[PDB]
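So the structure is just underneath, and the comments pick up after that.
All Cβ positions, even for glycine, are placed from backbone atoms using ideal geometry, and neighbour counts span all protein chains on display. What is reported rests on the model, the rules as stated and the sources as named; these are not laboratory values.
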Amino acid sequence: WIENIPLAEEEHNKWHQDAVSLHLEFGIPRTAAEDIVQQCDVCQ
Amino acid sequence: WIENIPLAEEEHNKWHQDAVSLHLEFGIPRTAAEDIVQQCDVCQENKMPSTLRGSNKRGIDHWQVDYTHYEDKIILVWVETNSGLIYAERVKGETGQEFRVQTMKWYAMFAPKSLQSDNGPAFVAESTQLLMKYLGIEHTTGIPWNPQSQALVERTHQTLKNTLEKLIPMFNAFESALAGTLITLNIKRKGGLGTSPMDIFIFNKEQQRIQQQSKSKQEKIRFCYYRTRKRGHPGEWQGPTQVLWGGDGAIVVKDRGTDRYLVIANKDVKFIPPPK
Amino acid sequence: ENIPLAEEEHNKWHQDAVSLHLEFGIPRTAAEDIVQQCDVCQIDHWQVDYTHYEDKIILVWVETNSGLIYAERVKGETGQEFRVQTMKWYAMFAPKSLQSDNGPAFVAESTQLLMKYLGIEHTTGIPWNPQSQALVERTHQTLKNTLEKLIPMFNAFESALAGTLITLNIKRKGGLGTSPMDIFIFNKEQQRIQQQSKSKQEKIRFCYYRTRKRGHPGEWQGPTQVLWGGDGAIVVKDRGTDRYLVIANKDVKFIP
Amino acid sequence: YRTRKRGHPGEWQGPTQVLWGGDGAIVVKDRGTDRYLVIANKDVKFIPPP
Amino acid sequence: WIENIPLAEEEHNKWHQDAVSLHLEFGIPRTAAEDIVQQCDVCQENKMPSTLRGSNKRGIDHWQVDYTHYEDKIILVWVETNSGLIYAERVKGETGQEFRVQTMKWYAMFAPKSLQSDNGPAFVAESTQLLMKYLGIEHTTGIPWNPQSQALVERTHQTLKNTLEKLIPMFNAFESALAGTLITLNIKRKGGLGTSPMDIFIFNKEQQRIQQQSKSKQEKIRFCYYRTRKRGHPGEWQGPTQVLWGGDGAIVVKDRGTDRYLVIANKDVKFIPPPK
Amino acid sequence: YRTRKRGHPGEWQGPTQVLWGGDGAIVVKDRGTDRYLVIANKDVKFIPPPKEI
Amino acid sequence: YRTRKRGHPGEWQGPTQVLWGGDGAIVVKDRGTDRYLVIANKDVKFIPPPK
DNA sequence: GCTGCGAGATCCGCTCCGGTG
DNA sequence: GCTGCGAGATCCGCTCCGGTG
DNA sequence: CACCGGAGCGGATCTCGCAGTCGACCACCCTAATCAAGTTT
DNA sequence: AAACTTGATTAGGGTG
């Protein structure tokens, strides 16, 4: 989780998927993933 | 706060706190804040196991026992699980042979079908176990450092010893007073609807009569499909199996998948027409 | 209430109170009251014997009706030991009443007292009933026969004693696969339903009563006893017919 | 009967209706939720109404 | 039909049973059938005292303490009642002199106003008591062999020792780890609204201030009256007392009769007009 | 997990895996004896599965 | 499914699996004797699907 | 393959009966 | 002249947001 | 646009340890080191 | 006369 969770935060800035996709990739919290995608200006 | 988190994480790694205070002061979502101490070593280590546990109502004639040392008197105690009618007897030694004889007596008083009992050697003894087996009976093991599986017998050791303290001066015999306590709580203790355990055991022996159960076979079976809705959309009838018993608005059924009895509301039932 | 209709049938046919209970599903102390109140024919009721086997005094307990029993090894036939034994025996059951001979432990003052302490009908006397006595005899014969089967097989005499108690009370069955256990049990059911439902409530009450003719209330009649007060009903004998009747409590005037 | 309760077995519940006898459990309605359920027969205590 | 009762009474005096079975079999009213065992000696004597009890958070600056042996380390623990912020310190001996010094320290850290503490001799010591007195402070006695008045300090001995088991490897010092636990639960434990005890103590010290508290005297008083209904019929008005504070639909008042604060719904109030 | 010797509980041990779950106690393997065991929940200190991994 | 004795149709049995669809009959196991069996489609009543 | 429950004493709410302006 | 509440795991009663016959 | 579902948090439910260091001596059942008693190539 | 198996009587591990 909390080792996955930063790394996915790193990786979304690269690869910009769904929060869904990272929840389902890394097995993180989805809502945190959603927080990244919102806090990711790029998908915004 | 999403990136406050590694610092908050550090502050757990430093200062090792609850998911809450950490959640709030770092102002995050709390749930991964719990996944902290899930992922902590330290705080993961030393927490206690909150665990409720359970005792078994279990079976008609299913039983539970422990020996007693009342006033330096070994008293071995014969105590039902389901409706918790009991028996006991004073004993000179706890030994497996002695024990085996005691249970021969008490077993002969009834058709006790099974048992929970602890790690005491006489319970545990080889020919004791072979005797349960010899008679086609289920011993089960009260386990180390759980009197609590042995709950009721210890409970009743309480109840009984209170009653002893009443009655024993009234008698020549301690063991007639033992009879008196035995009498009373297997009988004279009556409650709810004002019924003993004895009521309930014996009643249920009438209730558990095999001939009646065998007889109900003549009553009709139907089968029924149940099915399951994913995003609103019910599955195939899963399978089709007997309406074990119908209720109003739902039924009794088994999932062979679990091999376990189950409900289906009568809307998600298919009624399956008769042969004809 | 089926009790007065059962009484209607017995007044005709003169059966056993057994089959009155069984036929009509009434109480058995009701039924026993009928046969005792039926001049033509005019539970939890036991008999004991100590018995010697292999130089082992054994106390025995024999229900007079189901025929179900109990027995236990005895050191000596003393009143006091026996007083303990009937503590334990009453422990296993809810016995009402008893027969026995005049045996000293039985007749003894603290023993008879103890029956009274338990509210029991004890009867010592030369036990005279071939109904009972035949069965007690069959019991002891069958019994020590079954000892002679079982006792080699067991570490304990009292375990094999247990064995015979099983054999006869449980494993031994008849009719529809009923052991005297099953009998006894089933009797305790409805009897302890009726006993709670009835005898505890009210005793020795009279009333005036009437009979509705096409729903037209009769004259008030009696005074007669309230024999069994029912739920919304009672039981009464109309003195003229020598027959029992159900009367609804509205057609009752209870005589205070 | 008793079910999940606070955790695992709660405190006892009902008295309810003994509807269908099975092996090891049976279904009784929850008066609270009006809902048919199951109680392990080790979570049961059987009773005659009156 | 209540003349069965003395015999039933005897049957309790003999056979000592529940009010119910006795009630039913003797077929009486049950309630005096309970008054039996109320009046029994035998079935009575031996009953247990069902008693809930209570703890006192008490007023601000009211405190509670016990020593704790942690890993053979005397640690004397300084634990508030009301908002339960705490302190503790490791000690070499429990002694009254040592103790007296410890409390000098901790007392100096605050304005702790009172105490609950047990029968431990150092708590109890003469000059200890004289020291509380010397400073105008209320000791109160944890009674002997009841930790439960000493509740929170034992509770916290739990909490703390869990935290010790975490932290102590992280430090040179056991007592720096003691500082760490101290830190955390007096601070870092934060909950509800995400606040420490430290929050609450200190806050309340701001709210425990005398001047704003004394300033409010300028605000108006009115007095007000009350009466009591016997079989529905209210008494005379039982005098006038200050409306200590008014609420909506009721107020704050004292009965001098009890010398205790009280409510009156504003209908049973007389408002008493001003001087003028 | 831990175990009772004259009642005296063991130290916390392993840790290892939930094999069969039950309410209040489970099945687990003793690594030392390679043997299955039933442990009182009280003496079961729960862990999430992945451990360090 | 049912079975005949001297042509006399036995009582219906199952419901069961159509173990294989045949022409004029099918395959079924007897749950009682644990044996595959064929039943002529007249001695069969097929069961409609969940609808 | 095994699981905490019941007894004791209080405290509040609901029902039936009676008193008050 | 004084009073068991607190730490630790689990779960139902609710809402906010997304998917779709 | 109505209905069901995944994710979220306040509230609710259950079990338990703080009480100084803990063992000392019993009774039962099961397992094991050690000594005594025979033969057999 | 070395080795080979089995019964007897006190010392340790799990349970009231």
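Going through (1) more than 7 Å from chain B (Cβ to nearest Cβ); (2) surrounded by 16 or more Cβ atoms within 10 Å (Cβ to Cβ) one by one, D:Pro15 falls short only on (2). Among the residues of segment E:166-191, those identified as over 18 Å from B:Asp41 (Cα atoms) and of a type in the set (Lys, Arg) are E:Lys188, E:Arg189, E:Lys190.
Contact annotation: residue pairs with Cβ atoms under 6 Å, 6 or more positions apart or on different chains, pairing a residue in segment B:218-244 that is within 9 Å of chain G (Cβ to nearest Cβ) with a partner that is assigned to a loop (DSSP other than H, G, I, E, B) and of a type in the set (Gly, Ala, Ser), are B:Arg227/B:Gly235. Each residue in segment B:188-215 was checked for being acidic (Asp, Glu) and within 14 Å of chain E (Cβ to nearest Cβ), and 1 of them qualify.
Name the single residue, out of those in segment A:24-34 being within 17 Å of B:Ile28 (Cβ to Cβ) and surrounded by fewer than 18 Cβ atoms within 10 Å (Cβ to Cβ), that is farthest from DNA strand H (Cβ to nearest atom).
Applying the first criterion (within 17 Å of B:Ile28 (Cβ to Cβ)) to segment A:24-34 yields A:28-34.
Restricting the remaining residues to those that are surrounded by fewer than 18 Cβ atoms within 10 Å (Cβ to Cβ) gives A:30-31, A:34.
On the way: A:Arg30: 33, A:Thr31: 34, A:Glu34: 39 Å.
Per the stated criteria, the residue is A:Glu34.
Taken over segment B:257-276, residues that are among the hydrophobic types (A, V, I, L, M, F, W, C), farther than 30 Å from G:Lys42 by Cα and within 14 Å of chain G (Cβ to nearest Cβ) amount to 1.
In segment C:171-194, which residue that is over 13 Å from B:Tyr107 (Cβ atoms) and of a type in the set (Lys, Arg) is farthest from the other protein chains (Cβ to nearest Cβ)? Show your work before the answer.
Keep residues of segment C:171-194 that are over 13 Å from B:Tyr107 (Cβ atoms), which gives C:172-194.
From what's left, of a type in the set (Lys, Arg): C:172-173, C:188, C:192.
Numbers: C:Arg172: 13, C:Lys173: 11, C:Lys188: 6, C:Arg192: 7 Å.
Filtering first and then ranking leaves C:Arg172.
Which one is nearest to DNA strand I (Cβ to nearest atom), of the residues in segment B:37-57 that are outside any helix (DSSP H, G or I) and away from chain E (no Cβ under 14 Å)? Filtering segment B:37-57 for residues that are outside any helix (DSSP H, G or I) and away from chain E (no Cβ under 14 Å), the one nearest to DNA strand I (Cβ to nearest atom) comes out as B:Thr51.
Out of E:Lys113, E:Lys105, E:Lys92, I need the residue that is assigned by CATH to the domain that holds E:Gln129, within 16 Å of DNA strand I (Cβ to nearest atom) and of a type in the set (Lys, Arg). Which one? Give the steps one after another, and end with the answer.
Working: E:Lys105 fails: within 16 Å of DNA strand I (Cβ to nearest atom); E:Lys92 fails: within 16 Å of DNA strand I (Cβ to nearest atom).
Checking each option against the conditions leaves just E:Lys113.
Against the criterion of being within 12 Å of chain C (Cβ to nearest Cβ), crowded, with 18+ Cβ neighbours inside 10 Å and of a type in the set (D, E, K, R), E:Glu11 qualifies.
Return yes or no: is E:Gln102 under 17 Å from the mean Cα position of the chain (by Cα) and either farther than 30 Å from E:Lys166 by Cα or surrounded by 15 or more Cβ atoms within 10 Å (Cβ to Cβ) (or both)? The answer is no for E:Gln102.
Among what's in segment C:121-146 and is touching a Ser or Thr at 6+ places or on another chain (Cβ under 6 Å) and more than 20 Å from C:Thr164 (Cα to Cα), pick the residue that is nearest to the other protein chains (Cβ to nearest Cβ). Checked segment C:121-146; the qualifying residue nearest to the other protein chains (Cβ to nearest Cβ) is C:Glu121. Among the criteria (1) under 30 Å from E:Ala177 (Cα atoms); (2) within 16 Å of DNA strand I (Cβ to nearest atom); (3) assigned to a loop (DSSP other than H, G, I, E, B), the one B:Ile28 does not fulfil is (2).
Count of segment C:150-170 residues, restricted to those that are facing chain B (nearest Cβ under 10 Å), within 23 Å of the chain's Cα centre (by Cα) and not β-branched (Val, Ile, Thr), is 2.
Checking each residue in segment B:73-100 for being hydroxyl-bearing (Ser, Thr, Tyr) and out of contact with any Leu (no Cβ under 8 Å at 6 or more places or on another chain) picks out B:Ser83, B:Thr95. Inside segment B:256-276, residues that are farther than 15 Å from D:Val28 by Cβ and within 23 Å of the chain's Cα centre (by Cα) make up a count of 3.
Residues in segment C:211-238 that are of a type outside the set (S, T, N, Q) and out of contact with any strand residue (DSSP E or B) (no Cβ under 6 Å at 6 or more places or on another chain): C:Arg212, C:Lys213, C:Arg214, C:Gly215, C:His216, C:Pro217, C:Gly218, C:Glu219, C:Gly229, C:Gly230, C:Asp231, C:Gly232. Looking at this structure, is B:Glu34 acidic (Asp, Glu), within 16 Å of DNA strand I (Cβ to nearest atom) and either more than 23 Å from F:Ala40 (Cβ to Cβ) or surrounded by fewer than 17 Cβ atoms within 10 Å (Cβ to Cβ) (or both)? Criteria met by B:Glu34.
A quick yes/no check of all residues on (1) more than 13 Å from DNA strand J (Cβ to nearest atom); (2) touching a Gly at 6+ places or on another chain (Cβ under 6 Å); (3) within 30 Å of B:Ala108 (Cα to Cα):
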{"site": "B:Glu3", "(1), (2), (3)": "yes, no, no"}
{"site": "B:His12", "(1), (2), (3)": "yes, no, no"}
{"site": "B:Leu22", "(1), (2), (3)": "no, no, no"}
{"site": "B:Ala33", "(1), (2), (3)": "no, no, no"}
{"site": "B:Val37", "(1), (2), (3)": "yes, no, no"}
{"site": "B:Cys40", "(1), (2), (3)": "yes, no, no"}
{"site": "B:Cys43", "(1), (2), (3)": "yes, no, no"}
{"site": "B:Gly54", "(1), (2), (3)": "no, yes, yes"}
{"site": "B:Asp61", "(1), (2), (3)": "yes, no, yes"}
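Taking the condition part of a loop (DSSP other than H, G, I, E, B), in contact with a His (Cβ under 9 Å, 6 or more places away or on another chain), assigned by CATH to the domain that holds C:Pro180 and not polar (S, T, N, Q), does C:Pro127 pass? Here the answer is no, as C:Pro127 does not meet what is asked.
Against the numbered list (1) more than 30 Å from E:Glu11 (Cβ to Cβ); (2) more than 7 Å from every other protein chain (Cβ to nearest Cβ); (3) over 25 Å from the mean Cα position of the chain (by Cα), B:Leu115 comes up short only at (3).
Determine whether segment B:246-256 contains at least one residue that is buried (at least 18 other Cβ atoms within 10 Å of the Cβ) and either assigned to a loop (DSSP other than H, G, I, E, B) or within 14 Å of chain G (Cβ to nearest Cβ) (or both). Yes: segment B:246-256 contains one or more residues that are buried (at least 18 other Cβ atoms within 10 Å of the Cβ) and either assigned to a loop (DSSP other than H, G, I, E, B) or within 14 Å of chain G (Cβ to nearest Cβ) (or both). The one condition from (1) in contact with a helix residue (DSSP H, G or I) (Cβ under 8 Å, 6 or more places away or on another chain); (2) of a type in the set (A, V, I, L, M); (3) within 16 Å of DNA strand I (Cβ to nearest atom) that D:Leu37 does not meet is (1).
Which of (1) of a type in the set (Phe, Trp, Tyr); (2) loosely packed, with under 14 Cβ neighbours inside 10 Å; (3) within 27 Å of B:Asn13 (Cβ to Cβ) is the odd one out, the single condition E:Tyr134 does not satisfy? It is condition (3) that E:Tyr134 fails. When each of B:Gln129, B:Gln148 is tested for being farther than 21 Å from B:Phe201 by Cα, surrounded by fewer than 20 Cβ atoms within 10 Å (Cβ to Cβ) and within 16 Å of DNA strand I (Cβ to nearest atom), the lone residue that passes is B:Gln148. Taken over segment F:11-41, the residue count meeting the criterion of being away from DNA strand H (no atom under 14 Å from the Cβ) and within 10 Å of chain B (Cβ to nearest Cβ) is 2.
Scan segment F:3-23 for residues that are at positive phi and more than 15 Å from DNA strand K (Cβ to nearest atom) and report the count.
Keep residues of segment F:3-23 that are at positive phi, which gives F:6-7, F:14.
This time we only want the ones that are more than 15 Å from DNA strand K (Cβ to nearest atom), so: F:14.
Qualifying residue count for the region: 1.
Scanning segment E:137-165 for residues that are closer than 30 Å to B:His16 by Cβ and among the acidic types (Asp, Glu) yields E:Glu154, E:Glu165.
Within segment B:68-77, is even one residue in contact with a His (Cβ under 6 Å, 6 or more places away or on another chain) and away from chain E (no Cβ under 12 Å)? Quick ask: steps written out before the conclusion?
Step one: filter segment B:68-77 for residues in contact with a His (Cβ under 6 Å, 6 or more places away or on another chain), giving B:68.
From the residues that got through so far, the ones that are away from chain E (no Cβ under 12 Å) too are B:68.
There is at least one residue in segment B:68-77 that is in contact with a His (Cβ under 6 Å, 6 or more places away or on another chain) and away from chain E (no Cβ under 12 Å).
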